[PDB]
């Protein structure tokens, strides 16, 4: 060709169709949304793999069943209702599958009370009562800072030493770095589970069970 040649009749027919069947635009918008979601999924799993050393293998982290082969990281806040309602199931899942390694990240999204519960937990970490304290703190309906201390006291934790480690600048740096890790993983809130490349946003227990099964099978393929 050597000439741009307009075709008004073709355009009129295009407009007529679109106006008479505008649902085509909804369908195309849905295609684009599925495209955008797949892009986000790829970015999330690439980030999970980039920071896996920090997500799954941080010495400062509280780890339930450190023998586990499959590492499930949980970002949580001790006063988030979704975290509290998912906690019993998470602990039952570690209870029934010993090959699970549960990394507990303290992702404080609320105020001083939640920060206080996290610091107590991290201070008592090395006294070997993390499973019980985690379950008990999550069990209190309206967990205060005073309540958190009373719960940790009622479990025989060395309170003087747990409080000393909790407020230390090391625990402060630990929590700050965890907040940074959540930001790098583009997390939106709590709970947020990370198993394999998968990210489970929220208290979606069934999805987390499925992801653990997938990772067990995939890692078993060797």
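Numbering follows the first chain given and starts at 1.
K.L.:
Comparing average C-alpha B factors as deposited, tell me which of 213-221 and 1-9 sits higher.
P.N.:
Result: 213-221.
K.L.:
Return whichever of 165-173 and 185-193 has the greater mean Cα B factor according to the PDB record.
P.N.:
According to the PDB entry, the answer is 165-173.
K.L.:
Determine, from the deposited record, the chain-internal third of the Cα B-factor for residue 136: lowest, middle or highest.
P.N.:
Within its chain, residue 136 is a middle-third residue by C-alpha B-factor, going by the deposited values.
K.L.:
Quick check on the deposited entry: does the C-alpha B-factor of residue 38 sit in the lowest, middle or highest third of its chain?
P.N.:
Ranked within chain, residue 38 CA B lands in the middle tercile.
K.L.:
Grab the CA temperature factor for residue 65 from the record and place it in the lowest, middle or highest third of its chain.
P.N.:
Highest third, going by the recorded CA B-factors of the chain.
K.L.:
For the chain shown, is the CA B-factor of residue 111 in the lowest, middle or highest third of its modelled residues?
P.N.:
For residue 111, the deposited C-alpha B-factor lands in the lowest third.
K.L.:
If you rank every modelled residue in this chain by C-alpha B factor, which third holds residue 71: lowest, middle or highest?
P.N.:
Highest third.
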